[PDB]
Structures are given as structure tokens and as C-alpha cells.
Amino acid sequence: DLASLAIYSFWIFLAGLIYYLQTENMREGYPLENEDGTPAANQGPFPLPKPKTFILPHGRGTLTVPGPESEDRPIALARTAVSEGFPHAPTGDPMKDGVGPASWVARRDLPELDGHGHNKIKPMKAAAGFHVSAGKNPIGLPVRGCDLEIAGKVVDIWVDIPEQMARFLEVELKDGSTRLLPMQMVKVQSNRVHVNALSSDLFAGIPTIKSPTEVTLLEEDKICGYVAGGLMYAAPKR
């Protein structure tokens, strides 16, 4: 009967859809590797899909996935055991080396562009006429780290122009240079900005940007990586 034919058909369709969906989710990070970077013997039952090519806007070229995968950076880790599946210990300073929760990816060293090909993220001082419209304005507040010591002062907000939101606080340190802190890792209070992730002595080590009025995808990844790594690595001084 028709209902029997329909339910049987539906289960065959669904098995094909799951096959299609799983192969689509293998366009990054595959093939699988041994801890030494060599291709693993066992890849599982699903094959790599045929490559697709994204045409990136604003003349920034193409991306073909799957494609050749490398970290394009040195990984300061060593094995802690003689067999697979144990942790890899940092060989230096995991915050400086960018491993564990302080990891960053070698994204393009260009800033994200909006739909008109202008920089997505600008300091508010250079964004006509963006202003704080609601909530406490953090500009001028001292910044305190998890050691309850003052590390600097907020001197601007970096804004996403197309989405009209705050992405970083620009902080001025004791020595007059600035750092970006991601908005999602600070608490704005009436009389201060508080940073759980970092102690005061770790603010100077936040990676610097190379232009004062733009931030690149690579730089965002180094800054956000570094600040998140403080949750684990600044924990002796919280």
C-alpha cells in the first residue's frame, strides 16, 4: 500500500541526506592526521567531497575547499606520553606561543570589508557620526584586571559600522601605547571596566595592531586568542 511505499522511500531519502550533510561538513580539517601531522590510516566511511570554490568579494580571490591544509605557523608543544591521546605540553609561554586556549589561526592579514568594500571595524573617533546611544559610555573608565590592579584607561570604542555594534575597547597602558580588548571579555561597571581573563601585568603582552585605525583578521585572532588564554594561564593571579 501507498503509505508503506512512502515511509520506506522517506527512510532511503533521509539516509542519502545524512550522507550529503556529513560529506559537506568535511570541507575543513580533513583528512584526519596522526599526532605527528601524517595522514591517519582510518578516515572513516565517508569520502572527501568534490571541491567547491567561493568567489570572495572586493577582488580578494577564491577559496577552494577541501584543499591543502597547513597551520602555516610553528606549534610550541611536546608529547607527554609514548602513545596516542594524551595532552601536548607547552614548551615555552603558552600565551606568547599561542597554544591551548591562547591559540590563534593564520587568517588573512587584511581587515574584514563591508558590502561597499570599506573596513568593517573602525575606531569610533574615525566613524562619522557613530556615538554611544544607550548604556554606560566606557570611554574614560579605568580598566582593572583579575588581580584587582588598574592596567589602563578606555580611550575609544571600535565599532562594526554595518551592524552598528561595539566589538573592541581601545585601552591606553602605563607607557602610552594602546591595546584592543574584545567587548565580550569585559564587564562595563559604573566606575570601571573589569577584565577577568587577564591580570594587570599581562596587558602589555596583548598583541599590537600595525595600523592605528584598522585591525586585520590575523590580528583579531591573535588578540582574542591571547585574552581567552588568560582564563587558564593568568589563573595563578586571579
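The term rigid core refers to the most C-alpha atoms you can superpose between the two forms while keeping them within 1.5 Å. Don't overthink the numbering: it's just position in the shown sequence, from 1.
Comparing against the shown form in 9 other deposited structures of this protein, which stretch has the larger RMS C-alpha deviation after a rigid core superposition, 69 to 77 or 112 to 120? The stretch that sits farther from the shown form in 9 other deposited structures of this protein is 69 to 77.
Comparing C-alpha positions in 9 other deposited structures of this protein against this form, with the rigid core used for the fit, which stretch differs more, 18 to 26 or 222 to 230? Taking the RMS over all superposed structures in 9 other deposited structures of this protein, 18 to 26 lies farther out.
Averaged over C-alpha atoms, is the B-factor higher for 105 to 113 or for 144 to 152 in this PDB entry? Taking the mean B-factor of the alpha carbons in each, 144 to 152 is higher.
Mean temperature factor over C-alpha atoms, higher-scoring stretch between 43 to 51 and 23 to 31: Stretch with the higher mean C-alpha B-factor: 43 to 51.
Relative to the other modelled residues in the chain, which third contains the C-alpha temperature factor of residue 93: lowest, middle or highest? Ranked within chain, residue 93 CA B lands in the middle tercile.
Among all modelled residues of this chain, ranked by Cα B factor, put residue 188 in the bottom, middle or top third, i.e. lowest, middle or highest. Highest third of the chain for residue 188's C-alpha B-factor.
Looking at the C-alpha B-factor of residue 64, is it in the lowest, middle or highest third of its chain? Its C-alpha B-factor belongs to the lowest third of this chain's values.
Determine, from the deposited record, the chain-internal third of the Cα B-factor for residue 197: lowest, middle or highest. According to the entry, residue 197 has a C-alpha B-factor in the chain's middle third.
Based on the entry's values, in what third of the chain does the Cα temperature factor of residue 118 lie: lowest, middle or highest? Tercile = highest for this residue's CA B-factor.
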